[PDB]
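Undergrad: I would like the atomic coordinates for the input below:
(one chain, ligands or ions: 2)
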Amino acid sequence: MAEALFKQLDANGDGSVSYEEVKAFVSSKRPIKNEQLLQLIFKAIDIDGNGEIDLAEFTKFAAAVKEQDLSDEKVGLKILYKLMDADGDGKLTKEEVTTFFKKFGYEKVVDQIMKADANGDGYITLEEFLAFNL
Ligand SMILES: [Ca+2]
Ligand SMILES: [Ca+2]
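TA: Numbering: from 1, shown residues only. Ligands and ions are numbered 1, 2, ... in the order given. Below, you will see the structure:
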C-alpha cells in the first residue's frame, strides 16, 4: 500500500512533460511550498526549446551533480562569482559580468551574456551564468 513513481502521475508515457505537474504532484505529498521556486528554476533550467522536462532529465541531472568531478570545477568559478560580486550584491551587471566572466575566460560569452539578459535586469546572476552552461 504505497507508491512513488511519476510514471502513473504522467501515464501519458511520453516520458517528458511539464515538471510543473510533477512539482505540484509532489508538493501535495511531503512538501507543500516550493513547487514555485522549483518549477521556476526548472522552467528556466529547461528552455531547451519547449519547457517540458522528463523525470529522466531531472534524475540524470541529479546523478550528474552527484558525481564528484565536474560541478566542483564550476563551483570554483561559482564561489568566485558570488565573492567577486562586491557591487552586484547577488546579481552581476553587464559591465560587472563582462569584465568578470572575461577576467575568468569567457570573452566569447560576453556576446551571449549581453544577448542573454534583456528582459528587465540588464545583469546576470550566479544562476544565469551557470544557466548558460548547465
Ligand atoms: Ca527538455
Ligand atoms: Ca536577467
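
Undergrad: use CA for all of it now, contacts and neighbours both
TA: Will do.

Undergrad: residue boundaries of the strands in the chain?
TA: Counting by DSSP state E, the chain has strands at residues 16-17, 53-54, 91-93, 123-125.

Undergrad: what's in contact with the third one?
TA: Pointing back at strand 91-93 there. Residues from elsewhere that reach strand 91-93, judged by CA atoms under 8 Å, 6 or more residues apart in numbering: 85, 122, 123, 124, 125, 126.

Undergrad: so which of the residues you listed is the closest to residue 107?
TA: Checking those against residue 107 by CA to CA gives residue 124 as the nearest, at 14.6 Å.

Undergrad: would TSV of the strands of the chain with distance to residue 30 and mean neighbour count be doable?
TA: Below are those laid out as TSV (distance: least, CA to CA, whole Å; neighbours: other CA atoms under 10 Å):
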stretch	distance to residue 30	mean neighbour count
strand 16-17	21	16
strand 53-54	21	18
strand 91-93	32	23
strand 123-125	30	21
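
Undergrad: adding distance to residue 62, write those strands out as CSV.
TA: Shown next, in CSV, are these (distance: least, CA to CA, whole Å):
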stretch, distance to residue 62
strand 16-17, 16
strand 53-54, 13
strand 91-93, 26
strand 123-125, 22
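
Undergrad: so for residue 9, which of those sits nearest?
TA: Residue 9 lies closest to strand 16-17 among the strands of the chain, at 10.8 Å (CA to CA).

Undergrad: show me what the closest one is in contact with.
TA: Taking CA under 8 Å, 6+ apart as the rule, strand 16-17 contacts 10, 52, 53, 54, 55.

Undergrad: these two touch, right, the third one and residue 22?
TA: Put plainly, it is residue 53. No: if you go by CA atoms under 8 Å, residue 53 and residue 22 don't touch, sitting 10.0 Å apart.
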